[PDB]
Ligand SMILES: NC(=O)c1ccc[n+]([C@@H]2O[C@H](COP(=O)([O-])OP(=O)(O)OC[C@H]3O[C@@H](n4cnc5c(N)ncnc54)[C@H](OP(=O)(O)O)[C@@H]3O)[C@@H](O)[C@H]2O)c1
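What follows is a single chain, given as structure tokens, in the form deposited without the ligand.
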């Protein structure tokens, strides 16, 4: 019953999962399982682990202070979610948030009789309400659902069983569905993260933690800018950088206006759901990556939500200019690509961000709130995407380009939310 010895199944074998597995193994003696879909990467890891079931992690730079060379044994590896069965008591979703639904629908909940908690490692707004709904339908209402605002480190590959961590986050916001402050699981998570001096801040409900997911605010305006969509869908033109100013990347007044406007839209939606908006600029500067006060004053930070729109935008433009002088300058914009079957794919940025934002947009329309900036970003993306599918032909596109389950997710979120209000 000691929470740091619970058998723990990690779903998704991204670099974050290696760091996480090391962090659990170092805080206790727990059986560790791992899942990854049967992609090329997953298959390669599947073979590796069948021979020597150990992952490797190297702390570098800042992270070297609390993460050195480590090794962690995996007791069970699976590549079919129908095999996610047995005595597992903790599931950790390391997959991106727009895949929670597809993943949770494949888990055979009846074959997890001792399940106590499901942890949403890089949550999105509404993720926990949705997971609650799915669990409640499977008779797992007892299970504790914890949303974290983001993954807590910058981790990357070096192959698939080897990662390096550059840096750890300042703080993470988290909550379970009951607004507890310190359940056993929450205390365990705090203990895990304390090993790297990461602050944990409990929130009153799942949405009140998820509202602190930085990527919902920042990716869509940058990733869905006309000039970024053009670089994405025309793979031969010169590379763009996600955080650079025009003409090398998207940052400019119009894109900053979309950033400020999208944050306005989330405030509308969050408020409708009974949740307070964040102070975007304080969040960015003080919870994530600071810039000197000679560029972004403390006055701008503390008073941001009461500043006029144009002054909000000025402050944000200055912030992103200052950030370029973590290595934002290095983030390239990824393009469409073909897989082994020569089917075209979108990369994770913006495919994840589009799905997360489309789910919230559909939710908003159900609740009679308008999000004009979200709507303009998604209209722009959809027209670019249609044009790309016609260039290459729909038959030559992977089905991820042709549909999504955002509609059902939004309906499930609304259903859960309305059942508590």
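Positions refer to the first chain, counted from 1.
Only in words, not in the display: the form solved in complex with the ligand, which the text now covers.
The three residues 12, 17 and 155 all sit with a heavy atom within 4.5 Å of the ligand in the deposited bound form.
Shown alone here, residue 96 lies within 4.5 Å of the ligand in the deposited bound form, counting heavy atoms only. Among residues of the shown chain, residue 36 is one whose heavy atoms approach the ligand to within 4.5 Å in the deposited bound form. The closest heavy atom approach of residue 42 to the ligand in the deposited bound form falls within 4.5 Å. Contact annotation for residue 353: none of its heavy atoms lies within 4.5 Å of the ligand in the deposited bound form. For the candidate set 133, 122, 228, 205, a heavy atom within 4.5 Å of the ligand in the deposited bound form is found for exactly one residue, namely 122. Of the candidates 141, 238, 298, 348, 348 is the one whose heavy atoms come within 4.5 Å of the ligand in the deposited bound form; the others do not. Residues placing heavy atoms within 4.5 Å of the ligand in the deposited bound form fall in a single listed stretch, namely 146 to 154, out of 260 to 268, 303 to 311, 146 to 154, 240 to 248.
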